[PDB]
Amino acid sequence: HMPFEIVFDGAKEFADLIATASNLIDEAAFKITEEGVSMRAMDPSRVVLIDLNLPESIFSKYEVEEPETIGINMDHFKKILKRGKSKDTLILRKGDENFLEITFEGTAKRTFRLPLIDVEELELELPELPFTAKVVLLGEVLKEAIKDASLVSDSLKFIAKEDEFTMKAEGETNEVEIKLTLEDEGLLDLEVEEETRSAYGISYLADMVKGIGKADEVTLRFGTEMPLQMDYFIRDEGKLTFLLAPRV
């Protein structure tokens, strides 16, 4: 197999990015091409599809001789990456053998070897879906709304109308409603083709947003009785996309 070397400036930031996907994933196949790094995986229950796209442009050095796929234990990967410091340079290197060499370069050079595994590749595509509502909002609003809703229920209803986006949860001894309009600082964009209603499991939503930053811009696309697509951008050009099955 052909070697590669991939270098990312800011090892802690890369660890943070991986930790977001790791919240739902135990293991994943990483497709390494000359265009960038991609990872498409499902959580163990098959409710959430994760797609992480890291173009060559976000890496300070990118040397990929031929496209290849590697399998990674995501919890082992995250344990090693968590050792990286904020100003470390991260080097991901594969030689001829079946392990990933992970180097942090900073005040010292620290090199871990991570055994590569084989990950069953389900044929996963990200199909186009007839979403009728798009919402762009601040991470902090999304994160707090999911925490708010968890105080009352295990499911969160998403309601998009022309002028307002509402997330509402109801339980026996409580009720919570989070409302956004374009007058609100938390709502950056709202495009609604038609009144759209769908509900989503809070346990999955919590794991999806756990690593998202309070100042991150999160795009939500959904439809009535349809999955929720949730994405935010990494270093402008990278993209993390979640696709979440509705609660029906």
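Think of the rigid core as the biggest set of C-alphas that the two forms share within 1.5 Å after superposition. All residue numbers are counted from 1 along the displayed sequence.
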After core superposition, the stretch with larger RMS C-alpha deviation in 6 other deposited structures of this protein, comparing 91-99 and 120-128, is 120-128
Any chance you could tell me whether 170-178 or 152-160 drifts more in 6 other deposited structures of this protein, judged by RMS CA distance from this form after superposing on the core?
170-178
Mean CA B-factor: is it higher for 149-157 or for 120-128?
120-128
Decide which of the stretches 187-195 and 200-208 has the higher mean C-alpha B-factor, going by the entry.
187-195
Maximum C-alpha temperature factor, selected from 218, 70, 52, 47:
70
Identity of residue with top Cα B-factor, from 102, 167, 133, 136:
133
Place residue 95 in the lowest, middle or highest third of its chain's C-alpha B-factors, as listed in the PDB entry.
highest
Among the modelled residues of its chain, the C-alpha B-factor of residue 144 falls in the third labelled middle
Among all modelled residues of this chain, ranked by Cα B factor, put residue 87 in the bottom, middle or top third, i.e. lowest, middle or highest.
highest
Considering every modelled residue of the chain and its Cα B-factor in the PDB entry, is residue 18 in the lowest, middle or highest third?
lowest
Quick tally, chain-level thirds of C-alpha B-factors: residue 180 sits in the middle
